[PDB]
Each structure stands twice: as C-alpha cells, then as structure tokens.
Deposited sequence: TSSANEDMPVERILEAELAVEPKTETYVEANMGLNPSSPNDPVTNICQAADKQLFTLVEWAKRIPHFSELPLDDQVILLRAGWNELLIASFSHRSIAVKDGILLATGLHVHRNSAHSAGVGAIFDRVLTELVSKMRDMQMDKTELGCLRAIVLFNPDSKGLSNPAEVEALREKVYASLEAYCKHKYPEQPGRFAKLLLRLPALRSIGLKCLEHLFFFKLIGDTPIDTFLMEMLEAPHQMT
C-alpha cells in the first residue's frame, strides 16, 4: 500500500464524516430533506476526492468527469454504511433519521428498500469497516469506463492500485475470511443498479418542479 495507502483512504473517510452533534441537534417533506442532504454532501464529496491519493494529480477535466460519473453511487455508499449504526432507516448527513414508513408514504419505498436490503443489511452483516468502505468508494471514483477521460489508462492504473491495497488489507485484517475481498467487490453491481434507479427518481422530482433542489445538486442533474 505504498502508492495507494489504505491509511490515507481511511483518513479521507473520517475527514468528511458527519459529526455526532449534528444528529443530537434534532431528535417535514422526506424527499425535500433527503435532497437537501444530497446537496450538502456533494460539497464534502469534492473534499473527500481531493484526499484520495493521486486524484488531484489527474487533469482537472478528468477529475470533473469522474465526480460527475460517480457522485450518485459514491453518496449512496456513504449513507448506506453510515446507517448500519441504526436498526432501521437511513441517517442523513443533516442529522435527520428517515424511517421506512416515511419513505413509503413519500412514494419512494421500493428504492429505499433496495438500499436497506442490498447495501445496508449486507454491510452490517459482514461488519464492513470504514477502511473497506473507503476503498470501495475509491474504486467507484476511479472509473476508467467514464466517457471523455483524457487519460483512462491512468484512472485504470489508480483503480488497480486501490483494489490491490484493499485485498492486502483484507488478507491481513481478516485472515480467517478468504472470500471477504470478493464479497466486498460483489456489492458494486448492486450499487450501480441502485444508483441508476435513484437518478431516475431525481430526474422525476426535478421534472415535476415540486421539490426544492439546491444549486450543486441541480448542476449535477443538468447535462454537461
């Protein structure tokens, strides 16, 4: 993990983690609050990316492409892992706790359930730790398939560096679990599918014009 230290990736994760006081300070439209949280987190996502080894060394236009291509999955991965701390629902970065009943009444119960079943429950069952989550997110970030990349080979090289470090980390931290590395990578297709379905919901909310959408989220939703 010399060129891609897991210690640095963990550091990046901890650096943008919502504070305990934010949750304490609190405990009405569910979708509006969720979208507000997403906008807030888009700013911290940029901060997080800059802390991932070598991301800032990529040409600016490629940094832009990678973040536009992966913000949806990157944010879902983040709040999903954050939510293993509660028995049900999801904890928003704004401190609010959204329960299943609220999601269903709001009309987004199916995708909310997919997140809880395919991501949250699986992360909690295997006790995915923050270092592992951080590496999976970095892998998602370094997506060499993103169209428009000036140097996709370098992004591909960076991704390979991350999964090499992640495998070494898993082998050392959990020697008793040989298939843990594969198990982690195999949550990525589910994350991809869920991210695509979430985007479909966001475009609908935007199209209706009923939901307040802040500046950064709006920019991410508007074509290049």
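Missing from the model, relative to the deposited sequence, are the ranges 1-4, 32-39, 237-240.
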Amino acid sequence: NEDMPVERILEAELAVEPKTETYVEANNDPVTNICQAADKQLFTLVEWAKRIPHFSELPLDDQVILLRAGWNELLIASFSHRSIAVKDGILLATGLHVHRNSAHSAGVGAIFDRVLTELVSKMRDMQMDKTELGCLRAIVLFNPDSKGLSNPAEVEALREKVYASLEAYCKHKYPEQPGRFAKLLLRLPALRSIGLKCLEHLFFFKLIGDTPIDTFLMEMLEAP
From here on, numbers count along this sequence of modelled residues.
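Just so we're on the same page, rigid core means the largest C-alpha set that superposes within 1.5 Å between forms.
Per-stretch RMS Cα distance to the displayed form in 9 other deposited structures of this protein, following rigid core alignment, is highest for 81-89 when 97-105 and 81-89 are compared.
Per the compared records, residue 66 is resolved in all of the other entries whose models span it, so no third of them omit it. Coordinates for residue 26 are absent from at least a third of the other compared entries of this protein that model residues on both sides of it. In this entry, the higher average B-factor at the C-alpha atoms falls on 93-101, of the pair 93-101 and 69-77. Judged by mean Cα B factor in the deposited record, 10-18 ranks above the other of 197-205 and 10-18. Residue-level inspection of the entry shows that, of 88, 118, 132, 145, 88 has the top Cα B-factor. For residue 181, the recorded CA temperature factor ranks within the middle third of the chain's modelled residues. In this PDB entry, the Cα temperature factor of residue 42 sits in the bottom third of its chain's modelled residues, the lowest group. Ranked by Cα temperature factor within the chain, residue 31 sits in the middle third according to the deposited record. Residue 187: CA B factor lies in the lowest third for its chain, per the PDB record. Remark: residue 48 belongs to the lowest third of its chain, ranked by C-alpha B-factor as recorded.
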